[PDB]
Structures are given as C-alpha cells and as structure tokens.
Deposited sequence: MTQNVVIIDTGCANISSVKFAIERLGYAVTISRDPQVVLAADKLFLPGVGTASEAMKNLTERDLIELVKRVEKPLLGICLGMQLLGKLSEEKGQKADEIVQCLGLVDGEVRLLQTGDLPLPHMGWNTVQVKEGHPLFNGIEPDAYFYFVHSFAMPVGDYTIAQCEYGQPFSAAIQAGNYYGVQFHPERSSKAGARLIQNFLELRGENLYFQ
C-alpha cells in the first residue's frame, strides 16, 4: 500500500507513523496534492481544539484537498471530529469539513469525570472490516471530551454516561474516536485492517 499521513504538522504524527511502520508499511508524510491523491490509504491526525485544527488546515491549504480524496482515509480522534459538519467549543460553533453528516458536541457525563479518558470497549456494527479479528471485549484508549452522537454514519458505538460514536464511516472517509496507535494490540489490528481494506 502507498500510505500517506496528511501533514497537519501535529504531535500525533510520529506515533501514528511508528504504528504503521511496525506493521511493515513505509509511510509518506505530505500535504502535496499529487502525493496525497496518489495514496492508497490516508491518515488524518489531529490534536487540540477544532478551531485551531481548522485554522491549521486552512493555512496549510488542506481544506479542499481532504474533500477531494477518494481513497480510504482514517481520521483519528480530532481527525475524526473534523470530518463532521460542526463542533462545539467550551464560545462559538466551529464549522468543520462536512464530509460526515454528524455534529460534535460536549459529552454530558453527569457525575462521571471528563474527558472520557481511559480504556473502554466498543460495540461494533455487524462484521465491519475495520474491526475484523478484534474481540467484542477488546479495549481501546480514549481521551476526548467532545463526541459525535450515534447516527447513520456510526460503525462502532461506545457508552460513557451517554452513547456516542466510537467509529464512523461515510463513503471512503473513516474515523475513530479512540487512539489506535496508543491502544496496544487491539489498535494495531484495527490499523492493519484499515491498511488491508
């Protein structure tokens, strides 16, 4: 596979790259349209707030490019949230890429601590290939206070105070709310599954 991590220039890239290289794949880091559009598989990382991330995407001339991508793309955590229509702040509503018809909102966890942080299981839509060979009771590592509600785009659900989307898909755009690069063997297999689609 020709693998490209879209160069948002954030701190998560090296850990993502490491996880992919450990699986035997060479990784290219680029924001060049030709290089990106030639890839077989794309990763979209991110950290911080949606406002800063959308600002970063704009300044790096990546808004229109991400929208043009036709091959499978995996957004991780904030990378996933950027695919949706909008995101709250905690304040203004931040307009995101709008590639998935979902919104990102603050989790209402009651007396439960924020962020949703730690190791949790997910409940997968029957037979989705992203989770092939991963047991239902496997743990992924989450660290997020905002989330996308369950909707038509949801391919894995998680429950923490309220149900939310642990993973999503819209055509070639995939997203995970947890960090597979920090989720040990379960996360490694999900990354491998994505690369093997």
- Query: Missing C-alpha stretches, by deposited numbering?
  - Reply: 1-2, 93-96, 204-211
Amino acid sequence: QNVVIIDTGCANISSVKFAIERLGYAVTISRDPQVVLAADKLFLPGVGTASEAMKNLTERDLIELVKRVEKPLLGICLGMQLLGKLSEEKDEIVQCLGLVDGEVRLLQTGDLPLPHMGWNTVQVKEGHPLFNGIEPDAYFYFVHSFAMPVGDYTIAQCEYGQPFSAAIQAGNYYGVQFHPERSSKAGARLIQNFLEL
From here on, numbers count along this sequence of modelled residues.
- For the C-alpha atoms alone, is the average B factor greater in 103-111 or in 71-79, going by the entry? 103-111
- Query: Hey, which bit's got the bigger mean C-alpha B factor in the entry, 173-181 or 21-29?
  - Reply: 21-29
- Item | Out of 63, 39, 44, 138, highest CA B-factor residue | 63
- Query: With respect to C-alpha B-factor, does residue 130 fall in the lowest, middle or highest third of the chain as deposited?
  - Reply: middle
- Query: Lowest, middle or highest third of the chain for the C-alpha temperature factor of residue 122?
  - Reply: middle
- Lowest, middle or highest third - CA B-factor, residue 1: highest
- Task: Name the third of the chain's ranked CA B-factors that contains residue 116, choosing lowest, middle or highest.
- Result: lowest
- State the tercile, meaning the lowest, middle or highest third, of residue 57 with respect to the CA B-factors recorded for its chain. highest
